[PDB]
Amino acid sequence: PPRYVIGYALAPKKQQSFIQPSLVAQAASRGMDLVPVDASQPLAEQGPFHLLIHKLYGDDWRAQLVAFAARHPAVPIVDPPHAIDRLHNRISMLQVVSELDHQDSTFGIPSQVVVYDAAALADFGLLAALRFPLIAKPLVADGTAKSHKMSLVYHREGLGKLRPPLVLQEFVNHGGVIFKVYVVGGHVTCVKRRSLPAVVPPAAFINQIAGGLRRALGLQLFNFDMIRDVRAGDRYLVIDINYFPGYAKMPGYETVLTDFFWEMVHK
């Protein structure tokens, strides 16, 4: 019958990991043509698309997506740059998680300390009452930098050498395990990574959170970090959310994505 064009605008490293022959071939076998977006030409002069997927940042790419969205309201963008932006301030991101509605399993948000300058990082009294280890992230980051990754701190001296502005979370109530939950539209997958280089949370609970994050963030492609609060044992916290992660690591990612692409071009 008819064919659907899936335009992709990805950095070369993300093309190499995500746009694999096995994905291109599975999708073509179902009538879907994955077509790269030329970065050296405007998207406006670039050919019919039934779906645009991207992981590019900055005001020129944003402007192109803003114009594309005006010219072609019915063509889904995954994901809209105003929705990716909701992840860029750690404090406003966790604010979005705090808006979700709430069985046997409970859902929390971990308190944060924000330190804006070097003087505060030396002299703020409260920092001497922190339990270690800490999770530290820059307050604002898009993920593109290596220094935008959540990093562990083991003592006051290590904290003292970080670059403010930063957000600090205590990291002691979780029994040294982290659950990375991969989401693709209505579909969840879950990876029992072990932090500080086990029993998974209930699947129905994870699906409720995954779906609430999708509706609240307006993102189809993301992965959320979750911990068990092992004081109580049936309490869980979301500690991070990341746009369009390394799906290529999960075996069977090609089938999950192809199913998602097919769903999106029949919305």
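All residue numbers refer to positions in the sequence shown, first residue = 1.
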Task: Chain break class at residue 155/residue 156 - deposited residues not modelled - done: none
Task: Unmodelled deposited residues between residue 197 and residue 198, binned - done: 10 or more
Task: 67 to 75 set against 115 to 123, stretch whose average Cα temperature factor tops the other in the entry - done: 67 to 75
Task: Average Cα temperature factor in the PDB entry - higher stretch of 175 to 183, 144 to 152 - done: 144 to 152
TODO: Return the residue from 251, 21, 246, 12 that has the highest Cα B-factor in the entry.
DONE: 251
Open item on the list: So if I compare the CA B-factors in the entry for 58, 31, 212, 218, which one is the largest?
Closed with: 58
Task: Modelled-residue ranking by C-alpha temperature factor, third containing residue 26 - done: lowest
- [ ] Could you look up the Cα B-factor of residue 92 in the entry and say which third of the chain it sits in: lowest, middle or highest?
- [x] middle
Open item on the list: Splitting the chain's C-alpha B-factors into thirds, which one does residue 100 fall into?
Closed with: highest
Open item on the list: Can you tell me whether residue 37 has a C-alpha B-factor in the lowest, middle or highest third compared with the other modelled residues of the same chain?
Closed with: lowest
Open item on the list: Can you tell me whether residue 235 has a C-alpha B-factor in the lowest, middle or highest third compared with the other modelled residues of the same chain?
Closed with: highest
